[PDB]
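Here is the structure we will look at.
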Amino acid sequence: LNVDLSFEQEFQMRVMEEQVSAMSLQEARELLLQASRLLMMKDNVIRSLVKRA
Amino acid sequence: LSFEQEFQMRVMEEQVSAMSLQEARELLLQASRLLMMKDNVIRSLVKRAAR
């Protein structure tokens, strides 16, 4: 499986850096939690695709 | 739809409420990197569409 960022995803990380460096404490905190929840949701998506073995 | 062990989210909420700007920013950036990595995995699994 592919795991590395793509160049273009690597570009998107540059954009995320700039955006994040402007963020307030409150805003960084809530986006981290949103991301944290989304991270778990993707594990579940991965588990289902693999369950389809 | 998160498993019961979404006790993890409660824990995470606790930790995040005591993080500094610098750490919230670093971690957020890391998470965003992981999201794309997981996207890549999901893309590969799907691609295996010999079906």
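By convention in this document, the chains of the structure tokens carry letters A, B, ... by their order, each chain's residues are numbered from 1, and ligands are numbered from 1 in the order they are shown.
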List as CSV every residue of region 8-50 of chain A that is in contact with region 10-31 of chain B, defined as an atom at most 12 Å from one of its atoms (using only C-alpha atoms), together with the nearest atom pair and the distance in Å rounded to one decimal, sorted by chain and then rising number.
residue,atom,partner,partner_atom,distance
A:12,CA,B:29,CA,11.0
A:13,CA,B:29,CA,7.9
A:14,CA,B:29,CA,10.0
A:15,CA,B:29,CA,10.6
A:16,CA,B:29,CA,7.1
A:17,CA,B:29,CA,6.9
A:18,CA,B:29,CA,10.3
A:19,CA,B:25,CA,10.0
A:20,CA,B:25,CA,6.2
A:21,CA,B:25,CA,7.1
A:22,CA,B:25,CA,9.5
A:23,CA,B:25,CA,7.9
A:24,CA,B:21,CA,7.3
A:25,CA,B:21,CA,4.9
A:26,CA,B:21,CA,8.4
A:27,CA,B:24,CA,9.1
A:28,CA,B:24,CA,5.6
A:29,CA,B:24,CA,5.6
A:30,CA,B:16,CA,8.4
A:31,CA,B:28,CA,6.9
A:32,CA,B:28,CA,4.8
A:33,CA,B:13,CA,6.9
A:34,CA,B:28,CA,9.4
A:35,CA,B:31,CA,6.2
A:36,CA,B:31,CA,6.9
A:37,CA,B:12,CA,9.4
A:38,CA,B:31,CA,9.3
A:39,CA,B:31,CA,7.5
A:40,CA,B:31,CA,10.9
A:42,CA,B:31,CA,11.9
Check: Which residues come within 12 Å of residue 53 (chain A), counting only C-alpha atoms, excluding same-chain residues fewer than 6 positions away, as a ChimeraX atom specification?
Finding: /A:46-47 /B:45,48-51
Restricting the output to C-alpha atoms, write the selected residues as a PDB file, in the first residue's frame.
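Everything below was put into selection_20.pdb:
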ATOM      1  CA  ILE A  46      -9.329   0.905   6.952  1.00  0.00           C
ATOM      2  CA  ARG A  47     -10.574  -1.902   9.180  1.00  0.00           C
TER       3      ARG A  47
ATOM      4  CA  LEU B  45      -7.027  -0.697  -0.577  1.00  0.00           C
ATOM      5  CA  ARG B  48      -7.086  -3.335  -5.211  1.00  0.00           C
ATOM      6  CA  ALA B  49     -10.449  -3.528  -7.084  1.00  0.00           C
ATOM      7  CA  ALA B  50      -9.831  -6.848  -8.808  1.00  0.00           C
ATOM      8  CA  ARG B  51     -13.594  -7.287  -8.383  1.00  0.00           C
TER       9      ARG B  51
END
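Of note, CA of residue 2 (chain B) and CA of residue 33 (chain B) are spaced 20.8 Å apart.
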Note to self: Just list as a ChimeraX atom specification whatever in chain A DSSP marks as helix (DSSP H, G or I).
What the structure shows: /A:9-21,25-51
May I have the residues within 7 Å of residue 3 (chain A) as an mmCIF file with C-alpha atoms, in the first residue's frame, using only C-alpha atoms and disregarding those fewer than 2 positions away in the same chain?
data_model
loop_
_atom_site.group_PDB
_atom_site.id
_atom_site.type_symbol
_atom_site.label_atom_id
_atom_site.label_comp_id
_atom_site.auth_asym_id
_atom_site.auth_seq_id
_atom_site.Cartn_x
_atom_site.Cartn_y
_atom_site.Cartn_z
ATOM 1 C CA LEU A 1 0.000 0.000 0.000
ATOM 2 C CA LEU A 5 2.951 11.998 0.794
ATOM 3 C CA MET B 37 -1.177 9.026 5.007
ATOM 4 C CA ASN B 40 -3.232 7.104 0.871
ATOM 5 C CA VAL B 41 -3.772 3.702 2.493
#
Next item on the list: Figure out the distance between CA of residue 49 (chain A) and CA of residue 43 (chain B), please, to one decimal in Å.
Entry: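 Computing it gives 10.4 Å between the two atoms.
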Notebook entry, point to check: Mind pulling up the distance from CA of residue 38 (chain B) to CA of residue 44 (chain A)?
Noted result: 10.8 Å
